[PDB]
Each structure stands twice: as structure tokens, then as C-alpha cells.
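Coordinates as given in run-v5.tsv (TSV, N, CA and C atoms):
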```tsv
chain	number	residue	atom	x	y	z
A	7	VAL	N	105.68	104.04	122.81
A	7	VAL	CA	104.50	104.80	122.41
A	7	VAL	C	103.24	104.16	122.99
A	8	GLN	N	103.15	104.13	124.33
A	8	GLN	CA	101.97	103.54	124.96
A	8	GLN	C	100.75	104.43	124.81
A	9	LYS	N	100.96	105.71	124.47
A	9	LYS	CA	99.83	106.54	124.08
A	9	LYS	C	99.29	106.14	122.71
A	10	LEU	N	100.11	105.46	121.90
A	10	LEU	CA	99.59	104.88	120.67
A	10	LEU	C	99.07	103.47	120.92
A	11	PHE	N	99.54	102.83	121.99
A	11	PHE	CA	99.04	101.51	122.38
A	11	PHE	C	97.58	101.58	122.80
A	12	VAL	N	97.19	102.66	123.48
A	12	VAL	CA	95.79	102.78	123.88
A	12	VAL	C	94.93	103.21	122.70
A	13	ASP	N	95.53	103.86	121.70
A	13	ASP	CA	94.72	104.52	120.68
A	13	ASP	C	94.41	103.60	119.51
A	14	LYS	N	95.03	102.41	119.47
A	14	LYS	CA	94.66	101.44	118.44
A	14	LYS	C	93.82	100.31	119.02
A	15	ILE	N	93.79	100.19	120.35
A	15	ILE	CA	92.84	99.30	121.00
A	15	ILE	C	91.47	99.96	121.09
A	16	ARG	N	91.44	101.25	121.41
A	16	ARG	CA	90.17	101.95	121.61
A	16	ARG	C	89.43	102.17	120.30
A	17	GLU	N	90.14	102.23	119.18
A	17	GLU	CA	89.46	102.21	117.88
A	17	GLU	C	89.45	100.81	117.28
A	18	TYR	N	89.81	99.80	118.07
A	18	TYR	CA	89.43	98.44	117.72
A	18	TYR	C	88.10	98.06	118.36
A	19	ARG	N	87.83	98.60	119.56
A	19	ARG	CA	86.56	98.34	120.24
A	19	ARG	C	85.39	98.93	119.47
A	20	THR	N	85.62	100.03	118.75
A	20	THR	CA	84.57	100.62	117.92
A	20	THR	C	84.20	99.69	116.77
A	21	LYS	N	85.16	98.92	116.28
A	21	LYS	CA	84.88	97.92	115.25
A	21	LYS	C	84.08	96.75	115.82
A	22	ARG	N	84.15	96.54	117.14
A	22	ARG	CA	83.39	95.45	117.74
A	22	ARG	C	81.92	95.82	117.93
A	23	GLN	N	81.52	97.02	117.52
A	23	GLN	CA	80.10	97.35	117.42
A	23	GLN	C	79.65	97.18	115.97
A	24	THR	N	79.13	96.00	115.65
A	24	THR	CA	78.83	95.64	114.27
A	24	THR	C	77.41	95.11	114.20
A	25	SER	N	76.72	95.42	113.11
A	25	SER	CA	75.36	94.96	112.86
A	25	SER	C	75.27	93.93	111.75
A	26	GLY	N	75.77	94.24	110.56
A	26	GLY	CA	75.55	93.38	109.42
A	26	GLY	C	76.74	93.01	108.56
A	27	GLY	N	77.91	92.80	109.17
A	27	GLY	CA	79.09	92.45	108.42
A	27	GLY	C	80.07	93.60	108.27
A	28	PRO	N	80.05	94.26	107.10
A	28	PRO	CA	80.91	95.42	106.90
A	28	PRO	C	80.26	96.72	107.34
A	29	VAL	N	81.11	97.66	107.75
A	29	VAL	CA	80.63	98.99	108.11
A	29	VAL	C	80.55	99.92	106.91
A	30	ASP	N	81.54	99.90	106.03
A	30	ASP	CA	81.55	100.77	104.86
A	30	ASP	C	81.69	99.97	103.58
A	31	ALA	N	80.96	98.86	103.46
A	31	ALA	CA	81.03	98.04	102.26
A	31	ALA	C	80.41	98.76	101.07
A	32	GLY	N	79.11	99.05	101.15
A	32	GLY	CA	78.40	99.65	100.05
A	32	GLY	C	78.28	98.71	98.87
A	33	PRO	N	78.81	99.11	97.72
A	33	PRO	CA	78.82	98.22	96.56
A	33	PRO	C	80.14	97.47	96.44
A	34	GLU	N	81.07	97.76	97.35
A	34	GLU	CA	82.40	97.16	97.27
A	34	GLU	C	82.42	95.77	97.87
A	35	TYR	N	82.08	95.65	99.16
A	35	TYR	CA	82.19	94.37	99.85
A	35	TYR	C	81.07	93.43	99.43
A	36	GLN	N	79.94	93.99	98.98
A	36	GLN	CA	78.83	93.15	98.55
A	36	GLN	C	79.13	92.46	97.23
A	37	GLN	N	79.87	93.13	96.34
A	37	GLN	CA	80.21	92.53	95.06
A	37	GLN	C	81.39	91.57	95.19
A	38	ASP	N	82.36	91.91	96.04
A	38	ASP	CA	83.58	91.11	96.15
A	38	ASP	C	83.33	89.80	96.88
A	39	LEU	N	82.52	89.83	97.95
A	39	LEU	CA	82.23	88.60	98.69
A	39	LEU	C	81.25	87.72	97.93
A	40	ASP	N	80.56	88.29	96.94
A	40	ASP	CA	79.71	87.48	96.08
A	40	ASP	C	80.46	86.98	94.85
A	41	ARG	N	81.48	87.73	94.41
A	41	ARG	CA	82.33	87.24	93.33
A	41	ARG	C	83.20	86.09	93.81
A	42	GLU	N	83.64	86.15	95.07
A	42	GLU	CA	84.51	85.11	95.60
A	42	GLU	C	83.71	83.88	96.01
A	43	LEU	N	82.45	84.07	96.40
A	43	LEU	CA	81.62	82.94	96.81
A	43	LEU	C	81.23	82.08	95.62
A	44	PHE	N	81.17	82.67	94.43
A	44	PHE	CA	80.95	81.88	93.22
A	44	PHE	C	82.17	81.06	92.87
A	45	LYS	N	83.37	81.64	93.05
A	45	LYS	CA	84.59	80.99	92.58
A	45	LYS	C	84.98	79.81	93.46
A	46	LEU	N	84.48	79.77	94.69
A	46	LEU	CA	84.66	78.58	95.52
A	46	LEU	C	83.64	77.50	95.17
A	47	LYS	N	82.72	77.81	94.25
A	47	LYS	CA	81.74	76.85	93.77
A	47	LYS	C	81.75	76.68	92.25
A	48	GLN	N	82.41	77.57	91.51
A	48	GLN	CA	82.30	77.56	90.05
A	48	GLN	C	83.06	76.39	89.44
A	49	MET	N	84.38	76.36	89.62
A	49	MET	CA	85.19	75.25	89.15
A	49	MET	C	85.23	74.10	90.15
A	50	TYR	N	84.51	74.21	91.27
A	50	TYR	CA	84.50	73.16	92.27
A	50	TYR	C	83.35	72.18	92.04
A	51	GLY	N	82.13	72.68	91.96
A	51	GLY	CA	80.99	71.83	91.69
A	51	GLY	C	79.71	72.42	92.24
A	52	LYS	N	78.60	71.79	91.87
A	52	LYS	CA	77.26	72.16	92.32
A	52	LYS	C	76.88	71.21	93.45
A	53	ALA	N	76.88	71.72	94.68
A	53	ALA	CA	76.64	70.90	95.85
A	53	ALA	C	75.65	71.59	96.78
A	54	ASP	N	74.66	70.82	97.23
A	54	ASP	CA	73.67	71.31	98.18
A	54	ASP	C	74.21	71.19	99.60
A	55	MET	N	73.34	71.33	100.60
A	55	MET	CA	73.79	71.41	101.98
A	55	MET	C	73.91	70.05	102.67
A	56	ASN	N	72.94	69.16	102.46
A	56	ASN	CA	72.86	67.95	103.26
A	56	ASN	C	72.50	66.70	102.46
A	57	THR	N	72.45	66.79	101.13
A	57	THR	CA	71.98	65.67	100.32
A	57	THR	C	73.00	64.55	100.32
A	58	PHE	N	72.54	63.34	100.64
A	58	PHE	CA	73.39	62.16	100.76
A	58	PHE	C	73.77	61.62	99.38
A	59	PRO	N	74.55	60.55	99.32
A	59	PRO	CA	74.89	59.96	98.01
A	59	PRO	C	73.78	59.06	97.51
A	60	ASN	N	73.26	59.38	96.32
A	60	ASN	CA	72.14	58.66	95.72
A	60	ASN	C	72.56	58.16	94.34
A	61	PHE	N	72.83	56.86	94.24
A	61	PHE	CA	73.25	56.23	92.99
A	61	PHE	C	72.96	54.73	93.09
A	62	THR	N	73.45	53.98	92.10
A	62	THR	CA	73.25	52.54	92.02
A	62	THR	C	74.25	51.97	91.02
A	63	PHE	N	74.85	50.83	91.36
A	63	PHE	CA	75.89	50.22	90.55
A	63	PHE	C	75.45	48.84	90.07
A	64	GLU	N	75.85	48.49	88.86
A	64	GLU	CA	75.58	47.17	88.29
A	64	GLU	C	76.89	46.46	87.99
A	65	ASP	N	76.97	45.19	88.37
A	65	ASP	CA	78.22	44.43	88.25
A	65	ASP	C	78.32	43.76	86.89
A	66	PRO	N	79.42	43.04	86.64
A	66	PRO	CA	79.59	42.39	85.33
A	66	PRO	C	78.76	41.12	85.24
A	67	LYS	N	78.00	41.00	84.15
A	67	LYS	CA	77.15	39.84	83.95
A	67	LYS	C	78.00	38.61	83.65
A	68	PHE	N	77.75	37.53	84.40
A	68	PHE	CA	78.57	36.32	84.32
A	68	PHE	C	78.06	35.44	83.19
A	69	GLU	N	78.68	35.57	82.03
A	69	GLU	CA	78.36	34.71	80.90
A	69	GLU	C	78.93	33.31	81.12
A	70	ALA	N	78.43	32.36	80.35
A	70	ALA	CA	78.87	30.98	80.40
A	70	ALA	C	79.71	30.66	79.17
A	71	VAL	N	80.39	29.52	79.22
A	71	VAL	CA	81.23	29.04	78.13
A	71	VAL	C	80.69	27.71	77.65
A	72	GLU	N	80.39	27.62	76.36
A	72	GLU	CA	79.92	26.39	75.75
A	72	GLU	C	81.10	25.53	75.34
A	73	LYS	N	81.02	24.23	75.65
A	73	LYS	CA	82.17	23.37	75.43
A	73	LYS	C	81.78	21.91	75.24
A	74	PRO	N	81.61	21.44	74.01
A	74	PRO	CA	81.61	19.99	73.78
A	74	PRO	C	83.01	19.45	73.96
A	75	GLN	N	83.12	18.37	74.72
A	75	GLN	CA	84.41	17.96	75.25
A	75	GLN	C	84.57	16.45	75.04
A	76	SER	N	85.57	15.88	75.70
A	76	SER	CA	86.03	14.49	75.53
A	76	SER	C	86.35	14.19	74.07
B	126	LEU	N	108.29	126.38	119.41
B	126	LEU	CA	107.96	126.17	120.81
B	126	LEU	C	108.39	127.37	121.65
B	127	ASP	N	108.14	127.27	122.95
B	127	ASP	CA	108.37	128.36	123.88
B	127	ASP	C	109.79	128.30	124.42
B	128	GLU	N	110.07	129.09	125.45
B	128	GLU	CA	111.43	129.16	125.98
B	128	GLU	C	111.67	128.09	127.04
B	129	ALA	N	110.62	127.65	127.74
B	129	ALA	CA	110.82	126.74	128.87
B	129	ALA	C	111.06	125.31	128.42
B	130	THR	N	110.65	124.97	127.20
B	130	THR	CA	110.89	123.65	126.66
B	130	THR	C	112.03	123.62	125.64
B	131	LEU	N	112.56	124.78	125.24
B	131	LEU	CA	113.68	124.81	124.31
B	131	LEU	C	115.01	124.97	125.02
B	132	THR	N	115.06	125.76	126.11
B	132	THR	CA	116.34	125.94	126.79
B	132	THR	C	116.77	124.70	127.54
B	133	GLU	N	115.84	123.77	127.80
B	133	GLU	CA	116.24	122.45	128.27
B	133	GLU	C	116.92	121.67	127.16
B	134	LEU	N	116.32	121.62	125.96
B	134	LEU	CA	116.92	120.89	124.85
B	134	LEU	C	118.15	121.58	124.28
B	135	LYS	N	118.38	122.84	124.61
B	135	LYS	CA	119.68	123.45	124.36
B	135	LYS	C	120.64	123.27	125.52
B	136	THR	N	120.25	122.52	126.55
B	136	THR	CA	121.12	122.20	127.67
B	136	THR	C	121.20	120.71	127.94
B	137	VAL	N	120.10	119.97	127.78
B	137	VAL	CA	120.18	118.52	127.90
B	137	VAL	C	120.84	117.88	126.69
B	138	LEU	N	120.97	118.61	125.58
B	138	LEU	CA	121.78	118.15	124.45
B	138	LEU	C	123.25	118.46	124.64
B	139	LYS	N	123.59	119.28	125.64
B	139	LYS	CA	124.98	119.49	126.04
B	139	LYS	C	125.43	118.44	127.06
B	140	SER	N	124.50	117.79	127.75
B	140	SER	CA	124.89	116.77	128.72
B	140	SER	C	125.42	115.50	128.06
B	141	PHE	N	125.16	115.31	126.76
B	141	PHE	CA	125.65	114.12	126.08
B	141	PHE	C	127.14	114.21	125.81
B	142	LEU	N	127.59	115.32	125.23
B	142	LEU	CA	128.90	115.36	124.57
B	142	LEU	C	130.03	115.37	125.59
B	143	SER	N	130.08	116.41	126.44
B	143	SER	CA	130.99	116.53	127.58
B	143	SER	C	132.47	116.50	127.16
B	144	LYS	N	132.85	117.48	126.33
B	144	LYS	CA	134.25	117.58	125.94
B	144	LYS	C	134.73	119.02	125.83
B	145	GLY	N	134.15	119.94	126.60
B	145	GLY	CA	134.57	121.33	126.58
B	145	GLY	C	134.24	122.05	125.29
B	146	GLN	N	132.95	122.17	124.98
B	146	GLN	CA	132.51	122.61	123.66
B	146	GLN	C	131.28	123.50	123.78
B	147	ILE	N	131.01	124.26	122.72
B	147	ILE	CA	129.91	125.24	122.68
B	147	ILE	C	129.02	124.91	121.49
B	148	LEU	N	127.85	124.33	121.77
B	148	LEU	CA	127.02	123.63	120.80
B	148	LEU	C	126.32	124.59	119.83
B	149	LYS	N	125.93	124.04	118.68
B	149	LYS	CA	125.14	124.75	117.67
B	149	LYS	C	124.06	123.81	117.15
B	150	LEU	N	123.12	124.35	116.36
B	150	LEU	CA	121.87	123.64	116.10
B	150	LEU	C	121.20	124.19	114.83
B	151	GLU	N	120.36	123.35	114.21
B	151	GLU	CA	119.46	123.75	113.13
B	151	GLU	C	118.04	123.28	113.44
B	152	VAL	N	117.05	123.97	112.86
B	152	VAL	CA	115.63	123.64	113.04
B	152	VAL	C	114.95	123.66	111.67
B	153	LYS	N	114.16	122.62	111.37
B	153	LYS	CA	113.39	122.56	110.14
B	153	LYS	C	112.03	121.93	110.42
B	154	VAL	N	110.96	122.58	109.96
B	154	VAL	CA	109.59	122.21	110.32
B	154	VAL	C	109.03	121.25	109.29
B	155	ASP	N	108.49	120.11	109.76
B	155	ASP	CA	107.88	119.12	108.87
B	155	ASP	C	106.62	118.54	109.51
B	156	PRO	N	105.48	118.55	108.80
B	156	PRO	CA	104.24	118.06	109.41
B	156	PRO	C	103.90	116.61	109.10
B	157	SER	N	104.63	115.96	108.19
B	157	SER	CA	104.34	114.56	107.86
B	157	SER	C	104.69	113.64	109.02
B	158	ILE	N	105.73	113.97	109.77
B	158	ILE	CA	105.86	113.48	111.14
B	158	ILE	C	104.70	114.08	111.93
B	159	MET	N	103.79	113.22	112.38
B	159	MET	CA	102.55	113.75	112.93
B	159	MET	C	102.72	114.22	114.37
B	160	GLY	N	103.43	113.45	115.20
B	160	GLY	CA	103.39	113.71	116.62
B	160	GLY	C	104.67	113.57	117.42
B	161	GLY	N	105.83	113.82	116.82
B	161	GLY	CA	107.09	113.65	117.51
B	161	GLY	C	108.16	114.61	117.02
B	162	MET	N	109.39	114.30	117.41
B	162	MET	CA	110.58	115.02	116.99
B	162	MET	C	111.69	114.02	116.69
B	163	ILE	N	112.43	114.26	115.61
B	163	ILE	CA	113.65	113.51	115.34
B	163	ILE	C	114.82	114.46	115.54
B	164	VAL	N	115.96	113.91	115.98
B	164	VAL	CA	117.16	114.69	116.26
B	164	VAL	C	118.36	113.85	115.86
B	165	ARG	N	119.43	114.52	115.41
B	165	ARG	CA	120.61	113.83	114.87
B	165	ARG	C	121.88	114.45	115.45
B	166	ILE	N	122.32	113.96	116.60
B	166	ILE	CA	123.59	114.41	117.16
B	166	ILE	C	124.70	113.70	116.39
B	167	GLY	N	125.22	114.35	115.36
B	167	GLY	CA	126.22	113.72	114.52
B	167	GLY	C	125.57	112.76	113.55
B	168	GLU	N	125.72	111.46	113.81
B	168	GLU	CA	125.10	110.39	113.03
B	168	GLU	C	124.36	109.44	113.97
B	169	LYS	N	123.53	109.99	114.85
B	169	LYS	CA	122.92	109.23	115.94
B	169	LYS	C	121.46	108.84	115.68
B	170	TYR	N	120.59	109.81	115.38
B	170	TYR	CA	119.20	109.60	114.93
B	170	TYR	C	118.37	108.80	115.94
B	171	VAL	N	118.07	109.44	117.07
B	171	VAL	CA	117.05	108.90	117.96
B	171	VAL	C	115.67	109.37	117.52
B	172	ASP	N	114.90	108.45	116.94
B	172	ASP	CA	113.66	108.74	116.22
B	172	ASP	C	112.48	108.41	117.12
B	173	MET	N	111.66	109.41	117.39
B	173	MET	CA	110.41	109.24	118.13
B	173	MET	C	109.35	110.11	117.47
B	174	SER	N	108.46	109.48	116.72
B	174	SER	CA	107.61	110.16	115.75
B	174	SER	C	106.39	109.29	115.48
B	175	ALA	N	105.69	109.58	114.38
B	175	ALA	CA	104.58	108.76	113.91
B	175	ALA	C	105.01	107.77	112.83
B	176	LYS	N	106.26	107.29	112.89
B	176	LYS	CA	106.64	106.05	112.22
B	176	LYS	C	105.99	104.85	112.88
B	177	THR	N	105.64	104.98	114.16
B	177	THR	CA	105.10	103.90	114.98
B	177	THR	C	103.70	103.45	114.58
B	178	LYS	N	103.12	104.01	113.53
B	178	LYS	CA	101.96	103.43	112.87
B	178	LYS	C	102.35	102.32	111.91
B	179	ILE	N	103.50	102.46	111.25
B	179	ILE	CA	104.00	101.41	110.39
B	179	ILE	C	104.53	100.23	111.20
B	180	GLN	N	104.99	100.48	112.43
B	180	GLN	CA	105.43	99.41	113.32
B	180	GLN	C	104.27	98.56	113.84
B	181	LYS	N	103.03	98.97	113.60
B	181	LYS	CA	101.87	98.15	113.90
B	181	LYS	C	101.48	97.25	112.73
B	182	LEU	N	102.45	96.93	111.86
B	182	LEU	CA	102.30	95.87	110.88
B	182	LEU	C	102.29	94.50	111.54
B	183	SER	N	102.92	94.38	112.71
B	183	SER	CA	103.00	93.10	113.42
B	183	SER	C	101.64	92.62	113.90
B	184	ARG	N	100.67	93.52	114.03
B	184	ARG	CA	99.30	93.10	114.28
B	184	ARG	C	98.71	92.38	113.07
B	185	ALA	N	99.05	92.84	111.86
B	185	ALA	CA	98.60	92.23	110.62
B	185	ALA	C	99.55	91.17	110.09
B	186	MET	N	100.61	90.84	110.84
B	186	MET	CA	101.66	89.95	110.36
B	186	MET	C	101.67	88.60	111.07
B	187	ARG	N	100.50	88.05	111.38
B	187	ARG	CA	100.32	86.71	111.97
B	187	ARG	C	101.09	86.44	113.27
```
Go ahead and render the structure in this file as C-alpha cells.
Amino acid sequence: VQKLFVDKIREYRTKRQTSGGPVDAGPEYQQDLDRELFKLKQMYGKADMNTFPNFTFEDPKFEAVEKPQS
Amino acid sequence: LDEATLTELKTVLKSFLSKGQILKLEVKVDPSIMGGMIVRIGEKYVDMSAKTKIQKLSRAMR
């Protein structure tokens, strides 16, 4: 069916004329890609784009031992 | 169809069997097959139709 071989490539080239993502999204693709974009961040964490690690650690304080001896 | 494309298929379907015989046939019209014809010489079923849209699952099958 090479007449069908040409007819699924030629209506693939029409999909390669794109402006803003989906062609017939409407309220469908706008809600779904925003529902999924939250879920990759919801149970994952709150993370910005480029912020480095900012913290500070304190070690164990070295106490002394009192000892009258001999 | 017309006479020039049917009397071939009432003669090129005789070229298969070749055993001194006088062939018979049935016709039934179906539009869900979009663009072809299926034929069944006995239990043979050479299928050429618009099933070939489902065979383009391999494009979506990695």
C-alpha cells in the first residue's frame, strides 16, 4: 500500500507546521500539561532554576574530662 | 462495477484453479472496508483493504 505510504507522510508534514505547541488543544492540552507539570513537582519538592546549596554545619563540641589522679 | 473490470475477475479467478471446472461467485457490499476488496477462494483470504491503517501501529510502537 505505497499509496498509503505517501498519504501518512504528507499529513505528517502538515503537523510540522506548528506555532504554539498543540494544534487542537483548547482546554484539553492546557489543563493536562499543567496537571502533569505539578505532579513532577508536587511530591518531588520545591526547587528553583539555578540556586546553589546554602547551609552551614556545626561539629560536636569537644568537652574535657576532669580527673584527680595518682 | 462495470463489465471491463469484472469479466477479468471472472476469468483471472479461473486461472488459479485449473482442474476442468465452471466457477461460481457471490457479491456483498460493505463500506467499512474503505478502499479495497477482499476475496476468499475456498479458505484463502487474500486481503487488500483499509486494514492497513491498523498496520501503521508500528510507527507508534517504538
Pull out every residue of chain A that has at least one atom within 12 Å of chain B, counting only C-alpha atoms, and report them as an MDAnalysis selection string. chainID A and resid 7:11 13:15 18
DSSP says helix (DSSP H, G or I) for which residues of chain A? Put them as number ranges by chain? A: 8-19, 34-48
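Atom to atom, atom C of residue 32 (chain A) and atom C of residue 185 (chain B) stand 25.2 Å apart.
The space separating CA of residue 159 (chain B) from atom C of residue 176 (chain B) comes to 9.5 Å.
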